[PDB]
Structure formats: C-alpha cells, structure tokens
Amino acid sequence: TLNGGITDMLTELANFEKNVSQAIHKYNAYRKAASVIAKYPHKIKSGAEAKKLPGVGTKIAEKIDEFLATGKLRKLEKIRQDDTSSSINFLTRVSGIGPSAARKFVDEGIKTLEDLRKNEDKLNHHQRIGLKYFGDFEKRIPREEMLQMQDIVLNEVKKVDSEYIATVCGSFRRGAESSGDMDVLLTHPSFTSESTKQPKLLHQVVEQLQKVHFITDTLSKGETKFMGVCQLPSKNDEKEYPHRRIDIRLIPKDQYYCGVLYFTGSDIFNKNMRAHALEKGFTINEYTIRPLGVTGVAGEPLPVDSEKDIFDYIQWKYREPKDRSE
DNA sequence: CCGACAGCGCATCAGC
DNA sequence: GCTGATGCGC
DNA sequence: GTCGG
Ligand SMILES: Cc1cn([C@H]2C[C@H](O)[C@@H](COP(=O)(O)OP(=O)(O)[C@@H](Cl)P(=O)(O)O)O2)c(=O)[nH]c1=O
Ligand SMILES: [Cl-]
Ligand SMILES: [Mg+2]
Ligand code: NA
Ligand code: NA
Ligand code: NA
C-alpha cells in the first residue's frame with residue numbers, strides 16, 4: 001500500500017488504545033484516520049498534507065511528521081519497551097482474550113503463546129478455540145477461497161430449504177480481494193418480524209453445515225447469531241486449508257435490508273452512517289430504521305424495500321458496497 | 001471550549 | 001438458579 | 001483524538 005508506513009503507525013497506536021488504554025474513542029480516531037490515508041491515492045509527504053483529509057487532526061498530523069522524519073514515533077517505542085502493555089497487546093490477538101482476560105493472565109505469569117498452551121484449563125471455551133486456531137486466525141482468506149466457501153454455504157442452506165436466502169456480506173460483499181472472516185446474512189420467506197410460529201431456523205442451518213463438516217467449532221449460538229469456525233475440504237494430498245471464522249445472522253425478511261446494510265459494513269461506515277442518522281432524527285440498527293422523538297423515544301419501524309431506501313431517509317446519496325470501505 | 005462519539009448478540013461472572 | 005454487570009465480539 | 005456546536 002502507498003502510505004502503508006503511516007497507516008501501520010496509526011493502526012499500532014489504535015491497537016494500543018483499544019487493547020491497553022481501553023480508550024475506544026481514541027481507538028476509533030486513529031483507525032478512521034488510517035482508513036482515509038490508506039484510501040488516499042497520493043503519497044503523503046507531511047502532516048499538513050494529511051491534515052486536509054477527514055479524521056486527521058492536530059495530533060495525528062504531528063505524529064505523521066515525526067514518523068516521516070524519523071521512521072518511528074517515540075510513543076510507539078516506549079510502548080514496545082513496556083513489558084506489561086506489550087504482553088497484553090499480544091494476548092488480545094487470541095480470539096476471546098480481551099484486555100480484562102489479558103491483564104489477568106499477565107498477573108498469573110501467563111504472557112506467551114506457550115504459556116497459554118500450558119494453562120489451557122484457565123481459558124473459557126471461546127479462548128480455547130482462539131488458541132487452537134491462533135495461527136489460522138492470523139491468516140486472511142483469499143477471495144477465491146471465499147467464493148468456494150460461499151458455494152458450500154449457499155447450496156447447503158438451500159438443501160435445508162430451497163426458499164432460504166443467504167448473502168455473504170462483510171468485506172467480501174464490498175469487493176475485497178481477501179477477508180478476515182465470513183459473514184453470512186440468512187433469511188427465510190416464512191420468517192417475518194419475530195412473529196412466533198417456530199424459531200429454531202438458525203440451528204437447522206448450523207446443524208446441516210456441521211453435518212458436512214464445514215462448520216467444525218462453535219463460539220456462540222442463539223436464535224439470531226451463530227459464531228464459530230469452518231473449513232474448506234481439501235483434495236487428497238493438498239495441505240489443509242486454514243480454519244476460518246464464521247458469523248451467521250438470521251434476520252426476518254422485512255428487516256433484510258437493514259440487516260444486509262449492517263453486515264456489509266464497514267464498521268466505521270456503520271458508525272458514520274448511524275451517527276448521521278442521529279443527526280437527521282433517526283436511529284439505525286441491524287433490524288430497522290426508526291424515527292427519533294424530540295425526547296429520545298424511538299418510533300415504529302419505517303418501511304424498506306432496498307438498501308437505498310435507508311440512505312434516502314437520512315438524505316445520503318446511495319453508496320455501493322465497494323465504496324463503503326471506510 | 002467543550003461534550004458527542006452506533007448499536008447490537010451472546011457468554012460468563014459476581015453477588016445474591 | 002436468577003439479576004445485572006462486565007467482557008468480547010460483530 | 002477529532003469535530004462540530
Ligand atoms: C466489528 C464491527 C462490525 N460491524 C459490522 C459491519 C461489518 O462489516 C460486519 C462484519 O464484521 P467484520 O469484523 O467481519 O468486518 P469486515 O467488514 O467483514 C472486515 Cl474487517 P473482514 O472481516 O473481512 O476482515 O459487521 C459493525 O457494525 N460494528 C462493528 O463494530
Ligand atoms: Cl477515548
Ligand atoms: Mg468480516
Ligand atoms: Na482535518
Ligand atoms: Na482477540
Ligand atoms: Na464477523
């Protein structure tokens with residue numbers, strides 16, 4: 001990437017804010033500014049040039065000059081010398097270990113990947129799976145593998161019922177050439193706004209995908225969200241594909257477009273879009289867009305026949321998925 | 001010179 | 001066991 | 001940490 005030095009610096013600072021400081025707004029400030037710089041098709045030569053882009057303010061501007069002049073930030077190399085913070089930063093890379101579990105492990109002298117393996121009985125189920133697949137979960141999914149995973153998933157849900165609708169969202173739907181995980185929006189013509197005839201629909205889909213040994217592990221399970229692990233089959237004598245993370249969301253169809261807007265992202269896009277909706281008197285979640293009252297109460301769901309309908313309520317021009325990569 | 005910063009699903013734990 | 005918070009994740 | 005009021 002063209003400005004990868006700057007975007008790497010900003011990402012590291014962002015990871016520090018989230019993993020150690022727990023300064024979630026600082027986290028989001030660095031990652032927003034990293035996002036715009038990464039999408040900027042021009043080689044940033046100074047913090048002043050950077051300060052013209054949205055998200056880049058005084059302090060990021062200053063840090064870009066320091067990095068462009070020295071190749072590093074003082075703040076970053078003091079963090080890399082802090083052994084508690086660096087241990088914490090590493091442990092939060094394991095799926096299921098956050099700042100709270102990380103600093104509890106550090107205080108027990110659990111500090112390295114091998115330490116975790118030696119004390120696996122101290123991990124909850126999620127953390128075990130993150131540890132088991134730690135290397136795999138550091139690997140990106142080439143788009144060609146996403147296509148083969150989409151192939152299995154979409155056919156399998158048709159097998160459990162031919163009217164099922166499955167849409168692979170996330171970065172894949174935005175056109176990314178590789179993705180971190182797989183995000184599947186699932187909906188069924190029989191399933192409208194939580195009208196209770198018979199739930200259990202997600203379990204049936206999960207069951208079938210376990211049956212064919214595509215889904216290999218379970219991180220979470222409820223009526224609307226399944227999170228877990230999956231794997232492409234190999235031909236005889238190829239290396240196994242890495243295990244991959246998978247999130248499947250079951251949503252009523254009348255909420256399908258709010259659902260696919262949410263699951264397509266990006267997370268920063270959703271934050272920006274939902275904030276702007278607040279600025280126009282609405283609130284957006286993965287299910288509905290509602291009007292906000294003068295006092296904060298939310299209204300009844302508004303009708304939606306397309307993603308574009310939601311952009312229209314808040315007076316945005318429609319952005320195609322490939323330009324939502326904020 | 002300040003306060004806002006999206007909104008949710010699920011698993012686990014602390015205290016009862 | 002339940003509530004309610006905290007934790008981690010999307 | 002940024003931005004908007
Ligand atoms: C983390 C996050 C995700 N989402 C929505 C929006 C988001 O697009 C969707 C999937 O979450 P994802 O973590 O899989 O993000 P992704 O775009 O797929 C890429 Cl980062 P990759 O996974 O390909 O590496 O969930 C949010 O709305 N808020 C969030 O805080
Ligand atoms: Cl913050
Ligand atoms: Mg994803
Ligand atoms: Na600016
Ligand atoms: Na993690
Ligand atoms: Na995900």
Side-chain angles (χ1 to χ4, degrees), chain A residues 10 13-14 16-19 21-37 47 50-64 75 91-105 122-130 137 169-173 179-185 194 202-203 206 218-229 245-251 255 258-280 282-290 292 296 298 310 314 326:
Chain A
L10 292 170
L13 279 162
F16 176 76
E17 301 299 351
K18 170 168 147 270
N19 294 326
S21 300
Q22 290 165 136
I24 203 86
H25 305 300
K26 293 183 170 187
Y27 164 66
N28 285 310
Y30 289 123
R31 65 197 297 240
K32 287 192 273 282
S35 197
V36 300
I37 291 174
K51 205 162 170 166
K52 312 290 204 228
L53 311 166
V56 180
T58 301
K59 310 290 284 296
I60 289 160
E62 287 170 40
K63 282 165 160 76
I64 288 183
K75 184 159 175 203
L91 296 168
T92 58
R93 289 164 78 187
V94 185
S95 184
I97 299 184
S100 186
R103 42 177 64 101
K104 165 189 119 266
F105 289 140
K122 297 182 177 64
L123 282 44
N124 65 34
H125 176 76
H126 191 140
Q127 286 155 351
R128 282 186 84 103
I129 310 288
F137 292 178
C169 300
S171 63
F172 175 82
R173 189 167 177 252
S179 305
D181 73 338
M182 188 185 201
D183 306 302
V184 181
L185 187 63
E194 313 173 292
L202 190 56
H203 175 77
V206 173
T218 290
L219 296 173
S220 310
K221 174 80 157 270
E223 292 161 49
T224 176
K225 179 165 81 185
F226 170 85
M227 296 204 314
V229 189
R245 290 182 290 124
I246 176 161
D247 178 8
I248 306 169
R249 291 304 307 284
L250 162 66
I251 300 200
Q255 307 165 8
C258 286
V260 76
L261 177 66
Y262 154 77
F263 227 12
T264 299
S266 70
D267 58 344
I268 296 163
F269 180 84
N270 283 3
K271 301 182 78 225
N272 287 341
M273 181 160 182
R274 294 175 172 194
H276 184 69
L278 296 173
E279 275 166 343
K280 304 252 158 190
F282 302 91
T283 182
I284 300 168
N285 63 21
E286 61 209 64
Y287 305 106
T288 57
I289 176 158
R290 313 168 167 276
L292 269 199
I310 313 168
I314 56 144
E326 310 177 333

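Chain identifiers are assigned alphabetically (A, B, ...) following the order of the sequence lines, protein sequences preceding nucleic acid strands; residue numbering begins at 1 within each chain.
A:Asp183 places no side-chain N or O within donor-acceptor distance of the main-chain N or O of A:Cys169, the cut-off being under 3.5 Å. Formation of a donor-acceptor pair under 3.5 Å by the A:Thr92 side chain with backbone atoms of A:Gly98 is not found in this model. Checking side-chain atoms of A:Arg249 against main-chain N and O of A:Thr224 turns up a donor-acceptor pair under 3.5 Å. Checked by atom type and distance alone, the side chain of A:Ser266 pairs as donor or acceptor with a backbone atom of A:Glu326 at under 3.5 Å. Using a distance-only test at 3.5 Å, with no hydrogens or angles considered, no donor-acceptor pair links the side chain of A:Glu17 to the main chain of A:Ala23.
For the OP1/OP2 pair of B:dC8 and a distance below 4.0 Å, the side-chain nitrogens and oxygens of A:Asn285 include at least one atom meeting the criterion. For A:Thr283 and B:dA6, the shortest distance from a side-chain N or O to OP1 or OP2 is not below 4.0 Å.
Between the CD atom of A:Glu279 and the P atom of B:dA4 there is a distance of 13 Å, given to the nearest Å. With rounding to whole Å, A:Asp267 atom CG is found 18 Å from C:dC8 atom P. Between the CE atom of A:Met227 and the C1' atom of C:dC8 there is a distance of 8 Å, given to the nearest Å. Atom P of nucleotide B:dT12 and atom CD of A:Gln127 are separated by 9 Å, given to the nearest angstrom. Following rounding to the nearest Å, A:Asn28 (CG) and C:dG9 (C1') show an atom-to-atom distance of 14 Å. Rounded to a whole Å, the CZ atom of A:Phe226 is 14 Å from the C1' atom of B:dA11. Regarding A:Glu286, its CD atom lies at a distance of 12 Å from the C1' atom of C:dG9, rounded to whole Å. In this structure, A:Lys122 places its NZ atom 18 Å from P of B:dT12, rounding to the nearest Å.
Nearest to the side-chain atoms of A:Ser100 among the listed nucleotides C:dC8, B:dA6, B:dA11 stands C:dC8. Between C:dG9, B:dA6, B:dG7, one nucleotide has an atom nearer to the side chain of A:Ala275 than all others, and that is B:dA6. Looking at the side chain of A:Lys225, the nearest of the listed nucleotides B:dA6, C:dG9, B:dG7 is C:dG9.
Using P as the reference atom, B:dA6 and D:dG5 are 16 Å apart when rounded to the nearest Å.
Within a 6.0 Å radius of CD in A:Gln22, more than 12 heavy atoms belonging to other residues, nucleotides or ligands are found.
When the rule of centres under 5.5 Å and planes under 30° is applied to the neighbouring bases of B:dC10 and B:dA11, their six-membered rings qualify as stacked.
Taking all atoms of both residues into account, the shortest heavy-atom contact from A:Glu286 to A:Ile251 is O-CD1, 3.8 Å. Pairing each heavy atom of A:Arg31 with each of A:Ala14, the nearest pair is N-CB, 4.2 Å.
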Atom pairs, N/O to N/O, protein against nucleotides 1-3 of chain D, distance under 3.5 Å?
| residue | atom | partner | partner atom | Å |
| --- | --- | --- | --- | --- |
| D:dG1 | OP1 | A:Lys59 | NZ | 2.8 |
| D:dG1 | OP2 | A:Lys26 | NZ | 2.9 |
| D:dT2 | OP1 | A:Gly57 | N | 3.0 |
| D:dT2 | OP1 | A:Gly57 | O | 3.2 |
| D:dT2 | OP1 | A:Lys59 | N | 3.3 |
| D:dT2 | OP1 | A:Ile60 | N | 2.9 |
| D:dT2 | OP2 | A:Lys59 | N | 3.1 |
| D:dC3 | OP1 | A:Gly55 | N | 2.8 |

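Nucleotide D:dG1 carries a south sugar; the sign of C1'-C2'-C3'-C4' is negative.
Using a 4.0 Å heavy-atom distance criterion, A:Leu278 is classed as a sugar-phosphate-only contact. Looking at heavy-atom distances under 4.0 Å, A:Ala101 makes contact with sugar-phosphate atoms alone, never a base.
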